[PDB]
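# Remarks on the overall topology
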Amino acid sequence: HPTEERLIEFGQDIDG
Amino acid sequence: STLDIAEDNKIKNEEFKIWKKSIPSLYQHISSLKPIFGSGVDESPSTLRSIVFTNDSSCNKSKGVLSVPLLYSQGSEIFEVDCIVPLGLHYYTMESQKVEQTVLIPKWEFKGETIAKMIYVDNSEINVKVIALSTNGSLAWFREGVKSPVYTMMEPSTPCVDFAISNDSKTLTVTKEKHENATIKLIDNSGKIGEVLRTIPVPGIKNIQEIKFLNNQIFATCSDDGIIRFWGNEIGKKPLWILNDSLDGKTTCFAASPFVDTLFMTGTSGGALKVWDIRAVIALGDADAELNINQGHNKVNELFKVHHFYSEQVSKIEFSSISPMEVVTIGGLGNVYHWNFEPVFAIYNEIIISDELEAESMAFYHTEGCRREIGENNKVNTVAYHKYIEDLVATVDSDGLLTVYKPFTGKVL
């Protein structure tokens, strides 16, 4: 479900 | 955030160990080495680098190894690393022990230049081996056994500069992004190397992101606006045709098929891969019409369409020199996409590609375990696809960790 250097780990999650 | 630095590093450190496990499961041969350069060489991460494989490969039947030398661009000097791979790939603890312990000696060094792009050409007419395009738009031709270049095109030092050579290695195209209209510089590379054959400034465009030759008399150009401007070797100030694609994002680069003079490969920031025929774009005719940038996208339906991983901006593409269906694609983060359009040619033989079709078209995806970090050095020219070795490619990261490998597509040929 959608979310609830900080954006960096966020962009990695969408890819996987 | 301090946790944000322990966030991306930790996730990849597991994801790298994930790809580290299936390393013997997804590839036929994979190797990594650290370039060992002599004293004085710059080892910075932001160091502009490029690599391209040479055609002087060697065979070793007594040891079962295949020697594949590669020209390494490190600032002003060009290094030569002989890659040791298995012989069973096309037709090793000690072989790696040599190159890792062999201090790379700069065979050719262009003092005053930054190596941006290089093209190894086997032309016995000028007896040259490498032609590297400097960051200042300069090119230098160096021959065998020569530490200094034999011929050079020196521009006044002030960006982006791309260099492409004709099919017969007789014409060179050079882009000069001036901060002033962008220029496409023509240089004859047969008898009068170094002298500008022509100068054609492109008014209204500042930079040419990519330069690619379609034939021995046809050339192309790509600006930041994503409009493909194809200019001819004839005496004409303006392009004979103009290709404009804004449907799938802003166009980034292009590739010319070595066996299909009309079919070409396109790339855009929107992650879509486009295959278009040159006859259709020329069929529009009359590129002398008013250059209405305000005019909508040209009603040009391409031949076929694909997609990158998660719409990753395709920054580079290069068709294989041995196979007409094997395609190389470069994402924004350095991942190397392995594309083989052999399945589409079948669906085109029995009658938009489906999600399962685009799933079946991708041969493999090489991310190197997320180790290919996005530095300041553009990895466009840091990838070399073997023209004579199938599926064998080399990569250069900002960490200096040189990678050379061949992926396993699972299709027993």
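Conventions and cut-offs
- Counting of residues begins from 1 for each chain and follows its sequence as written, which need not mirror the entry numbering; any residue without coordinates is not displayed.
- The order in which chains are written sets their letters, starting at A; the order in which ligands are written sets their numbers, starting at 1.
- What is displayed is a subset of a larger assembly, so the values quoted cover only the displayed chains.
- With hydrogens and water excluded, all non-hydrogen atoms of the structure serve as input to the side-chain values.
- Residues with missing side-chain atoms are left out of burial classes, side-chain pairs and their counts.
- UniProt positions are given in the numbering used here, feature names are shortened, and annotations may be inferred rather than shown by experiment.
- Elements are defined by DSSP. Helices are runs of H or I of four residues or more, strands are runs of E of two residues or more, and each kind is numbered from the N terminus.
- When we talk radius of gyration, it's over C-alpha atoms, and the globule rule is simply 2.2 Å times the number of residues to the 0.38.
- Strands qualify as paired when DSSP identifies two bridges or more between them.
- A fitted line through C-alpha atoms serves as each axis, taken over the contacting stretch for helices, and the angle formed by two N-to-C directions is quoted from 0 to 180°.

Listed as the method for this PDB entry is cryo-EM; the listed resolution is 2.6 Å.

Labelled according to the PDB entry, chain B appears under the name Transcriptional regulatory protein UME1, originating from Saccharomyces cerevisiae. Within the Protein Data Bank, this record goes by the title "Cryo-EM structure of a SIN3/HDAC complex from budding yeast". The annotation that UniProt attaches to chain B under Subunit is "Component of the RPD3C(L) complex composed of at least ASH1, CTI6, DEP1, PHO23, RPD3, RXT2, RXT3, SAP30, SDS3, SIN3, UME1 and UME6. Component of the RPD3C(S) complex composed of at least EAF3, RCO1, RPD3, SIN3, and UME1. Interacts with RPD3."

## What about the overall build of chain B?
Scanning chain B from N- to C-terminus turns up six helices and 29 strands. Computed over its C-alpha atoms, the radius of gyration of chain B comes to 21 Å, within 12% of the 22 Å expected for a compact globule of 413 residues. Along the first, second and third principal axes, the C-alpha atoms of chain B reach 65 × 55 × 50 Å.

## Describing the sheet that holds strand β8 (residues 128–134) of chain B
Residue and element names in this part refer to chain B. Read from one edge of the open sheet, four strands run β7-β8-β9-β10, paired in antiparallel fashion. Each of the sheet's edge strands pairs with one partner strand only, and the pair in question is β7 (115–119) and β10 (151–153). Geometrically, the sheet is characterised by an average inter-axis angle of 20° between neighbouring strands, direction not taken into account. With five bridges joining them, β8 and strand β9 (residues 139–143) adopt antiparallel strand pairing. Looking at the pairing, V130 lines up with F142 of β9.

## Brief notes about the sheet that holds strand β24 (residues 326–330) of chain B
All names here are of chain B. On the basis of which strands lie adjacent, the open sheet formed by four strands has the order β23-β24-β25-β26 and antiparallel pairing. Each edge of the open sheet is held by one strand with a lone partner, namely β23 (316–319) and β26 (362–366). With strand direction ignored, the average angle separating the axes of adjacent strands in the sheet is 15°. The pairing of β23 with β24 spans four bridges and is classified as antiparallel. By the bridge assignment, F319 is partnered in β24 with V327.

## Focus: the environment of B:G267
In this fold, B:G267 is placed in strand β20 (residues 263–268). Remark: the alpha-carbon pair of B:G267 and B:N349, spanning 82 residues in sequence, is separated by 25 Å.

## Details of unusual backbone geometry
Residue and element names in this part refer to chain B. Phi is positive for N127, which is not a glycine, with a value near 55°. Its place among the elements puts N127 in the loop between β7 and β8. With a phi angle near 60°, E368 is a residue other than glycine that sits in the positive phi range. By the element assignment, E368 lies in the loop between β26 and β27 (383–385).

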